[PDB]
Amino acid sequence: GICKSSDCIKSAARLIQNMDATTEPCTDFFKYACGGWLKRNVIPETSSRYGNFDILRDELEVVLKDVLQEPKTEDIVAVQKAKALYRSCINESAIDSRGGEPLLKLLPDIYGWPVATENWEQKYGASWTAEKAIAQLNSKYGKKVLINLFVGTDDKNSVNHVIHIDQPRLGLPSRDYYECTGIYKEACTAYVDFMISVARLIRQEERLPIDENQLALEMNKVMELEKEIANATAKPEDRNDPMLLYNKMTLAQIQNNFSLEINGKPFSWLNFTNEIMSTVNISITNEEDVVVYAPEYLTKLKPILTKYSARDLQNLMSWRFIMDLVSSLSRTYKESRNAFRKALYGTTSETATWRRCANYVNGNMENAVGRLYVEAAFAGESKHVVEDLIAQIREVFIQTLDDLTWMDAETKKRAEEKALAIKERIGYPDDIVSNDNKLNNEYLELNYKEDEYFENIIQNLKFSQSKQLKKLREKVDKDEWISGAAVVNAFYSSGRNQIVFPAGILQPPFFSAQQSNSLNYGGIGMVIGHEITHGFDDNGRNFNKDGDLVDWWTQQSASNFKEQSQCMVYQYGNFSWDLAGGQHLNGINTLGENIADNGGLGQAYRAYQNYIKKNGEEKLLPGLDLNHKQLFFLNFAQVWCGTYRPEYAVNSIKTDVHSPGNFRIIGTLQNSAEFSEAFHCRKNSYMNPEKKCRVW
């Protein structure tokens, strides 16, 4: 009664090798599931995090290398363009021989970098306004500094786009880093040294004098400016109510309630919008509707932006771009980032060039590279099997609603509408395989020179930003996939109410028509549940079946929802993480993900119970004295075998909306009565707390 296929053997070995059978399952299921893997693996010098999930991403990269590095007769123009981009990217001896010159040529188009220009005021002062400086970085290069302006889907009207105004991102990973004490100190030091070093390299190249004390003073000014911007931005916890974030206005209204004075100007929102929007032949009047995500921030900016000169601001604005571009230049410029990378990620070296190149071209040519990938790696048959899993799990979710005693009947019915309404996307869009010419047309405006990597990425910057801006007066495309196919991940989009499962994720350990179904439900099954559940988390529940941000909850049901979910805030907020210096997770920032992990697990396990009930028990696995209910949980846990560099734990605990893997595994299993039964856990054993959190 034992499976002895080749596939069963591979499943078995992997499970056996990862686990540590000498830990007790009810003490620490993560150790039990992953202890073997932990004992045996070291984090590569180039990874900030390592583990089964990252290995999957590393192996996907290998496939990409194989499909990009070799020209073939039969290659369509779209594919040709992608391989050309790749070749430009991996030719380091061409890149190296150009030193910093490509960047130098670019510098005047952004109003220079004051610290590395002499007589900056003389050269740029008369013609410099915030409106145009900021606009330039935004419209031409996709770089958002100080004020973030973008075109995106209207939250309250999902068939349309609108302009958005939000707070910008920071050079360091989060606002927390800007306190610059304790765990953040080295990052602040590296950050300022990084600026110093780049300005010193550019000064050496242009043949200009170098006063070291001037560099220190000017760059620390940059940090002091960015420290004040960091302080002005809203915490992620004060941004997670999508209802309270959305503030539709007019540029008219915005000029009153949110005035600024920069270099004693003062600022013109209307000038600013047309500077950006003119980049694609669309002009704007005070009529225009504008969604404002950071009203408090704009207010907090007024007293700050009056204190700094054009030279002070341009120093930061430029640095924030330059920062991004430095790895794209010569070896000399590449080194300047070393300490900065180490302080944020813990990595002592950059990842292989071919790897960064594969990721770069994937990210800029997702349909072309997705096509190459799926032809090389993805079954295609898998698609129907996964389709049926989604139906089973969509089903379960709907049924679970009727056992929700805390939700009223009208809210129950409206939840069911959205569930039936969820659109799924599996593997890849067929277009990319079956319609060569359409794929060719997508990349029509792109022309890459093979020995001009930098010009290539600059061209890529403009093309992306142009595509995005030109959408303002356009209706949201329905058939558009929110991810390329060569991705090891999955997605839910509230704005389309759709779930996405790329080819990249439809492989072991998540999925294989050739692995036990206990593994399949435990893996991709859980992920399906996780993504359906996103439709209904602290964020998704605010969005209806059509992706529009409308309240469809009765006071009571919503209010009860918040009670149930308060449990998980406290559960996860009380996990504390050794790797991150004993800091505790943010139970609010990670709430949505934690809700989705917990929901997903229940649905996937109930679907597997349904499957056993409809089909009977599956053949056992050789070497493993576990039944299939236990195997479901094992595989489920081993998705997250892995570990973090302390540097990157410090980072991710402030920036990741997911809890760290160990804690996702602990948190979900602790809340699962079903887990403790499968594993026969003593009450109040660590894996089996008395209080259990439940929402879906």
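Quick note: we count residues from 1 along the sequence shown, nothing fancier.
- Set 318-326 against 288-296 and average the Cα temperature factors; 288-296 ends up higher.
- When the C-alpha B-factors of 463-471 and 335-343 are averaged, 463-471 comes out higher.
- Taking the deposited Cα B-factors for 176, 455, 226, 118, the highest one is held by 118.
- Set against one another, the Cα B-factors of 516, 489, 411, 441 in the record reach their highest point at 411.
- Ranked within its chain, residue 366 lands in the lowest third, by CA B factor from the PDB record.
- In the PDB entry, a CA B factor belonging to the middle third of its chain's modelled residues is recorded for residue 97.
- Sort the modelled residues of the chain by CA B factor and residue 308 lands in the highest third.
- In this PDB entry, the Cα temperature factor of residue 599 sits in the bottom third of its chain's modelled residues, the lowest group.
- Split the chain's modelled residues into thirds by C-alpha temperature factor. Residue 150 is in the middle one.
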